[PDB]
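One structure below.
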There are 2 protein chains.
Amino acid sequence: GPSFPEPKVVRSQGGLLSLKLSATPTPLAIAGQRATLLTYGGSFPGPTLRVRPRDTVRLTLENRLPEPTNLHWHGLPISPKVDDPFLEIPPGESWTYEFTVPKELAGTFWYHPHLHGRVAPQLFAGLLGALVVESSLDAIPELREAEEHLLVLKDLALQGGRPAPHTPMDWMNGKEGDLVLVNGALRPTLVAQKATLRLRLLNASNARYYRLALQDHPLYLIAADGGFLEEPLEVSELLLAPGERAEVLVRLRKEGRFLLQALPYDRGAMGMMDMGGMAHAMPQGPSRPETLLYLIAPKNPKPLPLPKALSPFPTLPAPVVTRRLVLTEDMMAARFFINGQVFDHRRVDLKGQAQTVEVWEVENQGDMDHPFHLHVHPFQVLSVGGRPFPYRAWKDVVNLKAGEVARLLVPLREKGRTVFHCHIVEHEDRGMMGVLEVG
Amino acid sequence: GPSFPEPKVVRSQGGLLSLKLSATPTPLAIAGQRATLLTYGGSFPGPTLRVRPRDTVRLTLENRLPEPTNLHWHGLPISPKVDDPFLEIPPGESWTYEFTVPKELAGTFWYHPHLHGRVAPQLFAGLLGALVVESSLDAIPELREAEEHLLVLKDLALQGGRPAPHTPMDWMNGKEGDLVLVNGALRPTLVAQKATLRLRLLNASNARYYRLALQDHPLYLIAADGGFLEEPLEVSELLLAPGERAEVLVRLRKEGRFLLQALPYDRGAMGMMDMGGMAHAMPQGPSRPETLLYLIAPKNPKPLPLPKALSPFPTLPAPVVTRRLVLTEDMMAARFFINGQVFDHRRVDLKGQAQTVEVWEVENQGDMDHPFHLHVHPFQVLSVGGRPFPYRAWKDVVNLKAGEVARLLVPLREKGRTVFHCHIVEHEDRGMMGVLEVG
Ligand SMILES: [Cu+2]
Ligand SMILES: [Cu+2]
Ligand SMILES: [Cu+2]
Ligand SMILES: [Cu+2]
Ligand SMILES: [Cu+2]
Ligand SMILES: [Cu+2]
Ligand code: NA
Ligand code: NA
């Protein structure tokens, strides 16, 4: 096949993407070994769905797992009656998700399970795939002529030819695996044919962070989780927390081989030590550096000019309420809280008004990084840790280091009951989730 | 003094730059040796004059040379009754140049002799200096916060402690020297204090070309000879022909030492060979690579963002005439022609109308590069060699390789008699010059 593996793409046809997926245990070859994973569509990652605004998506999910499951359409501003975090599809049963892609939307999204208490083992075992919303902006020459690739960043650990089970420490930290894969492949080679690459990046890991840096090159950020920036932003590295997405342009500077690496990053994961008295929790410290892929540049590369502008960010109405959400941890219990409470699906925590704008101040009073995710209602990050964000774009996950406050502008869109939660999915399963009702 | 030598600056005071310079043989230390050069203001290069639009310049030139001389205000769109190419200042005499700096003007200009038949030895001996027109655009943060430096690129050859005399081959080729200097210094070190540098570049050499490249870095072109571009243009290298100027931003990428080099370039200079029968002219081939300066980057450099826009280029009226000027050579005679004729100060070659726009097609039917210069009337280069120019900016010198046609939009500004000529100044002295009269 092609030097660079990417998930098979399913495209809408005549404005309709009608597809039946099965969630199923699937024997496959992965990273040179045979394993049985849980997959959508028989592959890991699942198929990439590629749609345009105003397309109809009709996705029938058949549950062939031994436990109930459902789908979260991560990042899509659609109705929580479709993107329903409380729905359960029993083993052997099917459910059809049907929605229209919003008109004012573009970027890289993804789908994965969201059945409270079961997300972390299901996602870790292989249940996820990407969804791309194509834009009329992709026809501008500076993007159309770039070489486009999707990079699904997801790690894995195998034991006896199956995903390794969760340990107690995994529930506290979030589980990371030793196989650090791109599109399910171990350190693939990307032999570039053009001098400008457009890379869609997805962190679909349970808990692993990717401090991305390409040897000898900057990255040009052009989209965040849920939409384009207003203009490209040059960065020397890009941190992608669990659930985040980004699109970058890479402008290859000379012939040669360049490593794309996940540089060392300390997210506050903890271990246990005994040195006499004891035993106490001790920081694991920074992650070991990983090579994600080998990028081979073409001969005499002459990159395109960057686009001057991308998409103007909407002017938002003045906000009508300020919320404060405080994240805390009980690490030894592996319990995680928002404003002192664990998730209860019967309890509404916040009540807001559709088509108003809110300011959410999310404060991490824990010691671990927590990537905060809100369903249904994309937000504008104003500042994190007191530092203003250097761009305007729609996001739906924001990473908070220990002690940091994020200030978020949140336009409330579709009415209904939805959730917000940590996207270290073990922490969500262990209670770090709350309920928003929009009326 | 400072690690990086630059000419002393004279600034206008209260809207007036009133200065008396003397053109004088001057003993000095240069490149570690003692030599007697011909200088303005006792220095090599002469002092940098720094003015703003609408300033008055009152420059009294005292001629203390043993031959007549004058000044050309290279690149300034002022009256040819001030910038007078036919004026002669006899030895011992003085002349006052007085003019107002045009309102719509910015960039790096320069001054040097323009007495036909004597330019090449006078310029080679050290008579030149820079003139900077400051702009309100220099207050935008992306320029104001850059570290600014002027680089006067000029080579020299010394013999018996004086500039080496011209040989017959020098009159044919244009004279180049073995001492390849920046601001009169041999391979200086620039220890950058900021991560973004703004470098004003001036080729004040008689004939040497500078194929500029900074190790490991692109250059961001922001101004041509006579004004800003509309937006920065990224280039991997920049060819600066005799008389050309440019301004570039340099965005230092990492700590370290980076060479600024004049890479090998073949301008078509000729030598003589005898291999049996013979003797015939033979190409000299490309220049040897030269190191111009050592650039030391600061610790943890974080360059500013580039400016998004610089100056919009004026919309010009539709042209009313097309001219064709053909350059040819008689190399063994060291004679050079425009449309088959050598310069005659009594003969008007072109007659144009003030405030109209002309298209000039300048065609190099020789084998050497010829950098074509027009006094008084800056032009827009549309294309050279059939390739469209990638930016809009005012220029006053355009380099033509063998066979190439340059297409130039030339708005005629001040009335009066002026000249156009090759800026390999030996070729001008040997006849490659003509007369334009604007009425
Ligand atoms: Cu998600
Ligand atoms: Cu968390
Ligand atoms: Cu969720
Ligand atoms: Cu000149
Ligand atoms: Cu010439
Ligand atoms: Cu001239
Ligand atoms: Na299947
Ligand atoms: Na003097």
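Note on naming: chains are A, B, ... as they come in the structure tokens, residues start from 1 per chain, ligands start from 1 in the order shown.
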Report task. Using only C-alpha atoms, determine which residues lie at most 6 Å from residue B:222, disregarding the query and same-chain residues fewer than 4 positions distant; provide the list as a ChimeraX atom specification. Result -> /B:228-229,232,247-248
Please tabulate, as a tab-separated table, the residues of chain B that come within 9 Å of chain A, each with its closest pair of atoms and the distance in Å to one decimal, counting only C-alpha atoms and ordering rows by chain, then residue number upward.
residue	atom	partner	partner_atom	distance
B:234	CA	A:305	CA	8.4
B:305	CA	A:234	CA	8.4
B:308	CA	A:308	CA	8.1
Take the residues just selected and output them with N, CA, C and O atoms as a tab-separated table (two decimals), in the first residue's frame.
chain	number	residue	atom	x	y	z
B	234	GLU	N	9.20	36.21	1.42
B	234	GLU	CA	10.24	35.26	1.84
B	234	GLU	C	11.08	34.84	0.64
B	234	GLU	O	10.55	34.45	-0.40
B	305	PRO	N	6.57	38.49	15.24
B	305	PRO	CA	5.84	38.14	14.02
B	305	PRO	C	6.18	39.12	12.91
B	305	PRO	O	6.54	40.28	13.16
B	308	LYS	N	2.04	42.20	8.72
B	308	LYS	CA	1.12	41.64	7.75
B	308	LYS	C	1.14	42.44	6.47
B	308	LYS	O	1.08	41.88	5.37
**Report entry** Test item: residues no farther than 8 Å from ligand 1, counting only C-alpha atoms and all ligand atoms, as a ChimeraX atom specification
**Finding:** /A:72-75,110-112,114,204,243,373,423
Requested in this report: Could you please extract the residues within 8 Å of ligand 5, counting only C-alpha atoms and all ligand atoms, and hand them back as a VMD selection string?
Outcome: chain B and resid 336 368 to 372 422 to 428 432
Report task. Once DSSP has gone over the backbone, tell me which residues of stretch 1-144 of chain B are in strand (DSSP E), as a PyMOL selection string. Result -> chain B and resi 9-11+16-30+33-40+48-51+56-63+72-74+94-100+107-112+129-133
Now that the selection is made, can you save its residues with C-alpha atoms as a tab-separated table (two decimals), in the first residue's frame?
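New file result39.tsv:
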chain	number	residue	atom	x	y	z
B	9	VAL	CA	24.82	59.04	11.23
B	10	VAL	CA	23.93	62.69	10.62
B	11	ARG	CA	20.26	63.41	11.35
B	16	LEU	CA	16.74	70.69	8.25
B	17	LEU	CA	19.86	68.68	7.43
B	18	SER	CA	22.52	71.33	6.78
B	19	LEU	CA	25.96	69.82	6.29
B	20	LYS	CA	29.28	70.70	4.68
B	21	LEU	CA	31.14	67.66	3.33
B	22	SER	CA	34.59	67.68	1.76
B	23	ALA	CA	35.63	65.21	-0.92
B	24	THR	CA	39.26	64.64	0.08
B	25	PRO	CA	42.18	62.18	-0.05
B	26	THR	CA	42.23	60.74	3.44
B	27	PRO	CA	44.73	58.48	5.23
B	28	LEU	CA	42.89	55.92	7.31
B	29	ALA	CA	43.08	52.41	8.68
B	30	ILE	CA	41.02	49.94	6.67
B	33	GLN	CA	46.18	48.31	6.90
B	34	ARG	CA	46.88	51.99	6.39
B	35	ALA	CA	45.69	53.42	3.09
B	36	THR	CA	44.84	56.76	1.52
B	37	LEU	CA	41.29	56.73	0.15
B	38	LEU	CA	39.09	59.40	-1.40
B	39	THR	CA	36.35	60.08	1.17
B	40	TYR	CA	33.39	62.23	2.01
B	48	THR	CA	24.88	58.13	6.64
B	49	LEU	CA	22.38	60.97	6.23
B	50	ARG	CA	19.08	60.22	7.96
B	51	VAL	CA	16.04	62.34	7.07
B	56	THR	CA	15.09	70.23	3.75
B	57	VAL	CA	18.55	68.95	2.80
B	58	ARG	CA	21.25	71.60	2.36
B	59	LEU	CA	24.50	69.81	1.48
B	60	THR	CA	27.56	71.86	0.55
B	61	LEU	CA	30.11	69.68	-1.23
B	62	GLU	CA	33.66	71.06	-1.13
B	63	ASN	CA	35.86	69.48	-3.80
B	72	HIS	CA	24.31	61.99	-7.77
B	73	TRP	CA	21.53	61.55	-5.19
B	74	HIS	CA	20.95	57.99	-6.29
B	94	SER	CA	32.13	74.11	-3.65
B	95	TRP	CA	28.50	73.65	-4.60
B	96	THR	CA	25.37	73.55	-2.41
B	97	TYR	CA	22.69	70.96	-3.14
B	98	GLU	CA	19.35	72.01	-1.68
B	99	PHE	CA	16.15	70.03	-1.96
B	100	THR	CA	13.06	68.96	-0.05
B	107	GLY	CA	13.88	53.59	2.08
B	108	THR	CA	17.65	53.42	1.64
B	109	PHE	CA	19.30	55.67	-0.96
B	110	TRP	CA	22.89	56.74	-1.48
B	111	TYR	CA	25.17	59.43	-2.86
B	112	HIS	CA	28.28	59.13	-5.04
B	129	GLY	CA	27.66	57.14	1.51
B	130	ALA	CA	24.09	56.20	2.41
B	131	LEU	CA	20.92	58.26	2.82
B	132	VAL	CA	18.00	56.86	4.82
B	133	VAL	CA	14.47	58.26	4.54
